[PDB]
>>> print(open('structure_22.cif').read())   # mmCIF, C-alpha atoms
data_run
loop_
_atom_site.group_PDB
_atom_site.id
_atom_site.type_symbol
_atom_site.label_atom_id
_atom_site.label_comp_id
_atom_site.auth_asym_id
_atom_site.auth_seq_id
_atom_site.Cartn_x
_atom_site.Cartn_y
_atom_site.Cartn_z
ATOM 1 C CA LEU A 1 20.271 -16.079 -4.779
ATOM 2 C CA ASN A 2 20.213 -15.822 -0.936
ATOM 3 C CA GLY A 3 20.918 -12.730 1.133
ATOM 4 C CA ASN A 4 20.222 -11.069 4.450
ATOM 5 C CA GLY A 5 21.061 -7.693 5.918
ATOM 6 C CA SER A 6 19.982 -4.809 8.051
ATOM 7 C CA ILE A 7 19.448 -1.104 8.165
ATOM 8 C CA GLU A 8 19.264 1.404 10.985
ATOM 9 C CA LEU A 9 16.452 3.838 10.417
ATOM 10 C CA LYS A 10 15.514 7.165 11.915
ATOM 11 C CA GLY A 11 12.061 6.638 13.407
ATOM 12 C CA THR A 12 10.190 4.446 15.829
ATOM 13 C CA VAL A 13 9.119 0.898 14.999
ATOM 14 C CA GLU A 14 5.628 2.300 14.490
ATOM 15 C CA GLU A 15 6.905 5.115 12.267
ATOM 16 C CA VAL A 16 8.647 2.571 10.003
ATOM 17 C CA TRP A 17 5.868 -0.022 10.024
ATOM 18 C CA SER A 18 3.279 2.538 8.796
ATOM 19 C CA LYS A 19 5.498 3.435 5.751
ATOM 20 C CA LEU A 20 6.218 -0.162 4.948
ATOM 21 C CA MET A 21 2.484 -1.033 4.982
ATOM 22 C CA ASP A 22 1.315 1.966 2.909
ATOM 23 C CA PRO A 23 0.923 0.891 -0.749
ATOM 24 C CA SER A 24 1.098 4.481 -2.103
ATOM 25 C CA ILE A 25 4.412 4.982 -0.350
ATOM 26 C CA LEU A 26 5.767 1.611 -1.559
ATOM 27 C CA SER A 27 4.845 2.353 -5.200
ATOM 28 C CA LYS A 28 6.939 5.478 -4.845
ATOM 29 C CA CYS A 29 9.895 3.730 -3.136
ATOM 30 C CA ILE A 30 10.186 0.604 -5.388
ATOM 31 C CA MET A 31 12.345 1.458 -8.316
ATOM 32 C CA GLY A 32 10.645 1.277 -11.681
ATOM 33 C CA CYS A 33 7.269 0.892 -10.053
ATOM 34 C CA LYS A 34 4.635 2.675 -12.146
ATOM 35 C CA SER A 35 1.687 1.212 -10.249
ATOM 36 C CA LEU A 36 0.894 -1.146 -7.352
ATOM 37 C CA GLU A 37 -2.646 -2.449 -7.801
ATOM 38 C CA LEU A 38 -4.428 -4.332 -5.030
ATOM 39 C CA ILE A 39 -5.695 -7.524 -6.632
ATOM 40 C CA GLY A 40 -6.327 -9.490 -3.483
ATOM 41 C CA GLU A 41 -5.936 -9.605 0.255
ATOM 42 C CA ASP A 42 -2.449 -8.243 1.011
ATOM 43 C CA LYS A 43 -1.660 -8.987 -2.686
ATOM 44 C CA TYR A 44 -0.582 -6.445 -5.288
ATOM 45 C CA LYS A 45 0.320 -6.328 -8.937
ATOM 46 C CA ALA A 46 3.268 -4.160 -9.709
ATOM 47 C CA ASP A 47 4.080 -2.808 -13.199
ATOM 48 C CA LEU A 48 7.900 -2.426 -13.102
ATOM 49 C CA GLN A 49 9.944 -0.576 -15.696
ATOM 50 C CA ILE A 50 13.493 -1.134 -14.708
ATOM 51 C CA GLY A 51 16.120 1.056 -16.422
ATOM 52 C CA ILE A 52 19.227 -0.458 -14.820
ATOM 53 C CA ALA A 53 21.167 -1.556 -17.905
ATOM 54 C CA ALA A 54 22.259 -4.982 -16.631
ATOM 55 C CA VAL A 55 18.605 -5.970 -16.033
ATOM 56 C CA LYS A 56 16.788 -3.430 -18.164
ATOM 57 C CA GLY A 57 13.266 -4.587 -18.972
ATOM 58 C CA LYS A 58 9.570 -4.451 -18.199
ATOM 59 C CA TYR A 59 8.325 -6.865 -15.607
ATOM 60 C CA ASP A 60 5.074 -7.694 -13.945
ATOM 61 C CA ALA A 61 5.315 -8.770 -10.324
ATOM 62 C CA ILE A 62 2.883 -10.310 -7.912
ATOM 63 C CA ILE A 63 3.748 -9.193 -4.358
ATOM 64 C CA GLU A 64 1.980 -10.888 -1.419
ATOM 65 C CA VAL A 65 2.422 -9.648 2.200
ATOM 66 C CA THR A 66 1.911 -12.623 4.604
ATOM 67 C CA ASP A 67 2.512 -13.648 8.333
ATOM 68 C CA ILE A 68 1.777 -10.064 9.172
ATOM 69 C CA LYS A 69 2.546 -9.114 12.711
ATOM 70 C CA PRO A 70 2.094 -5.453 13.343
ATOM 71 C CA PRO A 71 4.028 -3.351 13.887
ATOM 72 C CA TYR A 72 7.184 -5.583 13.818
ATOM 73 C CA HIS A 73 7.298 -8.555 11.438
ATOM 74 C CA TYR A 74 6.148 -9.706 7.968
ATOM 75 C CA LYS A 75 6.934 -12.027 5.070
ATOM 76 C CA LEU A 76 6.918 -11.227 1.337
ATOM 77 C CA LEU A 77 6.267 -13.551 -1.597
ATOM 78 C CA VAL A 78 7.311 -12.151 -4.952
ATOM 79 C CA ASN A 79 6.605 -13.592 -8.482
ATOM 80 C CA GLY A 80 8.002 -11.352 -11.211
ATOM 81 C CA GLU A 81 8.253 -12.028 -14.967
ATOM 82 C CA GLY A 82 9.210 -10.261 -18.082
ATOM 83 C CA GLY A 83 11.048 -10.213 -21.380
ATOM 84 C CA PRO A 84 14.488 -10.629 -19.746
ATOM 85 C CA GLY A 85 13.360 -13.459 -17.488
ATOM 86 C CA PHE A 86 11.793 -14.267 -14.154
ATOM 87 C CA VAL A 87 12.189 -14.087 -10.321
ATOM 88 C CA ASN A 88 10.520 -16.157 -7.617
ATOM 89 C CA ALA A 89 11.368 -14.782 -4.169
ATOM 90 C CA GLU A 90 10.458 -14.908 -0.467
ATOM 91 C CA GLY A 91 11.694 -12.600 2.266
ATOM 92 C CA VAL A 92 11.231 -12.043 5.973
ATOM 93 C CA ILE A 93 11.332 -8.639 7.614
ATOM 94 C CA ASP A 94 11.707 -7.934 11.374
ATOM 95 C CA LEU A 95 11.652 -4.548 13.052
ATOM 96 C CA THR A 96 13.688 -4.154 16.272
ATOM 97 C CA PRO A 97 13.738 -1.045 18.428
ATOM 98 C CA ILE A 98 17.379 -0.282 19.262
ATOM 99 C CA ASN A 99 16.168 2.493 21.478
ATOM 100 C CA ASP A 100 13.444 5.086 21.980
ATOM 101 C CA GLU A 101 14.307 6.941 18.621
ATOM 102 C CA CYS A 102 15.858 4.247 16.369
ATOM 103 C CA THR A 103 14.799 1.028 14.628
ATOM 104 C CA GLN A 104 16.773 -1.793 13.237
ATOM 105 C CA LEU A 105 15.230 -3.479 10.202
ATOM 106 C CA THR A 106 16.766 -7.116 9.202
ATOM 107 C CA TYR A 107 15.789 -9.115 6.438
ATOM 108 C CA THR A 108 16.460 -12.385 4.836
ATOM 109 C CA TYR A 109 15.527 -13.299 1.249
ATOM 110 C CA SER A 110 15.632 -16.179 -1.117
ATOM 111 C CA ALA A 111 15.219 -15.858 -4.920
ATOM 112 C CA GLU A 112 15.090 -18.160 -7.924
ATOM 113 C CA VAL A 113 16.106 -16.090 -11.005
ATOM 114 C CA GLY A 114 15.644 -17.480 -14.555
ATOM 115 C CA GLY A 115 15.785 -16.429 -18.212
ATOM 116 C CA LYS A 116 18.493 -14.607 -20.108
ATOM 117 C CA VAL A 117 19.011 -12.288 -17.096
ATOM 118 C CA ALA A 118 20.059 -15.252 -14.905
ATOM 119 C CA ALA A 119 23.297 -15.525 -16.870
ATOM 120 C CA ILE A 120 24.735 -12.138 -15.828
ATOM 121 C CA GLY A 121 26.396 -13.665 -12.735
ATOM 122 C CA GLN A 122 25.552 -14.407 -9.081
ATOM 123 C CA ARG A 123 27.779 -11.605 -7.822
ATOM 124 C CA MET A 124 26.255 -9.092 -10.167
ATOM 125 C CA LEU A 125 22.925 -10.449 -9.214
ATOM 126 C CA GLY A 126 24.376 -9.774 -6.142
ATOM 127 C CA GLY A 127 24.918 -6.097 -6.731
ATOM 128 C CA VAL A 128 21.674 -5.261 -8.491
ATOM 129 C CA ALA A 129 19.679 -6.760 -5.548
ATOM 130 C CA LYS A 130 21.771 -4.720 -3.056
ATOM 131 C CA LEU A 131 21.203 -1.717 -5.230
ATOM 132 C CA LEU A 132 17.404 -2.254 -5.369
ATOM 133 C CA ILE A 133 17.200 -2.908 -1.590
ATOM 134 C CA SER A 134 19.436 0.155 -0.752
ATOM 135 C CA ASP A 135 17.470 2.441 -3.033
ATOM 136 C CA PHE A 136 14.190 1.260 -1.498
ATOM 137 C CA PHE A 137 15.444 1.750 2.052
ATOM 138 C CA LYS A 138 16.812 5.169 0.944
ATOM 139 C CA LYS A 139 13.437 6.397 -0.250
ATOM 140 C CA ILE A 140 11.649 4.927 2.765
ATOM 141 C CA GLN A 141 14.053 6.823 4.995
ATOM 142 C CA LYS A 142 13.065 9.973 3.125
ATOM 143 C CA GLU A 143 9.319 9.452 3.409
ATOM 144 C CA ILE A 144 9.705 8.673 7.111
ATOM 145 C CA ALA A 145 11.806 11.868 7.564
ATOM 146 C CA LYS A 146 8.917 14.030 6.245
ATOM 147 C CA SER A 147 6.391 12.552 8.681
ATOM 148 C CA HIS A 148 23.049 -0.834 5.518
ATOM 149 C CA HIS A 149 24.802 -4.149 5.746
ATOM 150 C CA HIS A 150 23.831 -6.467 2.895
ATOM 151 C CA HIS A 151 25.275 -9.946 2.742
ATOM 152 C CA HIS A 152 24.957 -12.079 -0.380
#
>>> encode(input="structure_22.cif", output="structure tokens")
Amino acid sequence: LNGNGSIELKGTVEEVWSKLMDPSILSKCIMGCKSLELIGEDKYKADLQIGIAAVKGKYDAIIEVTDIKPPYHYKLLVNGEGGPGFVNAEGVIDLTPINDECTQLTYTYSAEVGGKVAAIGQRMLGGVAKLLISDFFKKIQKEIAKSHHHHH
């Protein structure tokens, strides 16, 4: 599973970077996320209860933020595992100012998915990942507000 995409967001690069680096805000914007516990340097443990039928399940995920270059670039390493199977993933995120008021976020990711859940299909795969990414960027846009091309 490989994808990339981008989102235009309402806020400056700095406005976006401070949401993306705030673990209380992330916990709230990751779907199914009950808690994000710091367990290391730029390393969290997420307790995920995911209700989406096609992938429904409880998963534990290790999420490491690396290559951190504020306020415009980072990498993510994700190791998630549960009853329905497992996910090893890396992604890269870049923030680009498109003007004074507006930021373009792009990303690239790469995921090995295993277990019974792997069988559902690449395309469907696919759609769940786009759904998780869109829903995350949706809630981030909301928390920013207070203060989407996806290719598979």
>>> atom_distance(input="structure_22.cif", atom1="atom CA of residue 81 of chain A", atom2="atom CA of residue 48 of chain A")
9.8 Å
>>> resolve_selection(input="structure_22.cif", expression="the PyMOL selection byres ((chain A and resi 3) around 9)", output="count of residues only")
13
>>> resolve_selection(input="structure_22.cif", expression="the PyMOL selection byres ((chain A and resi 106) around 7)", output="VMD selection string")
chain A and resid 5 to 7 93 to 95 104 to 105 107 to 108
>>> residues_around(input="structure_22.cif", residues="segment 73-77 of chain A", least_positions_apart="2", cutoff="8 Å", atoms="all atoms listed in the file", output="JSON, numbers by chain")
{"A": [62, 63, 64, 65, 66, 67, 68, 69, 70, 71, 79, 88, 89, 90, 91, 92, 93, 94, 95]}
>>> closest_residue(input="structure_22.cif", among="A:127, A:113, A:52, A:136", to="residue 26 of chain A", atoms="only C-alpha atoms")
A:136
>>> residues_around(input="structure_22.cif", residues="residue 97 of chain A", least_positions_apart="2", cutoff="10 Å", atoms="all atoms listed in the file", output="MDAnalysis selection string")
chainID A and resid 8:9 11:14 72 95 99:105
>>> axis_aligned_box(input="structure_22.cif", around="segment 99-111 of chain A", padding_each_side="4 Å", output="AutoDock Vina command-line options")
--center_x 15.1 --center_y -4.6 --center_z 8.5 --size_x 11.3 --size_y 31.1 --size_z 34.9
>>> resolve_selection(input="structure_22.cif", expression="the PyMOL selection byres ((chain A and resi 53) around 12)", output="list in words")
residues 49, 50, 51, 52, 54, 55, 56, 57, 58, 84, 117, 120, 124 and 128 of chain A
>>> atom_distance(input="structure_22.cif", atom1="atom CA of residue 121 of chain A", atom2="atom CA of residue 60 of chain A")
22.2 Å
>>> atom_distance(input="structure_22.cif", atom1="atom CA of residue 30 of chain A", atom2="atom CA of residue 61 of chain A")
11.7 Å
>>> closest_residue(input="structure_22.cif", among="A:143, A:47, A:135, A:15", to="residue 32 of chain A", atoms="all atoms listed in the file")
A:47
>>> residues_around(input="structure_22.cif", residues="residue 114 of chain A", least_positions_apart="6", cutoff="7 Å", atoms="only C-alpha atoms", output="list in words")
residues 85, 86 and 87 of chain A
>>> residues_near_point(input="structure_22.cif", point="(8.7, 10.2, 5.5)", cutoff="10 Å", atoms="only C-alpha atoms", output="PyMOL selection string")
chain A and resi 10-11+15-16+18-19+25+139-147
>>> closest_residue(input="structure_22.cif", among="A:131, A:116, A:96, A:45", to="residue 33 of chain A", atoms="all atoms listed in the file")
A:45
>>> closest_residue(input="structure_22.cif", among="A:78, A:119, A:20, A:31", to="residue 43 of chain A", atoms="only C-alpha atoms")
A:78
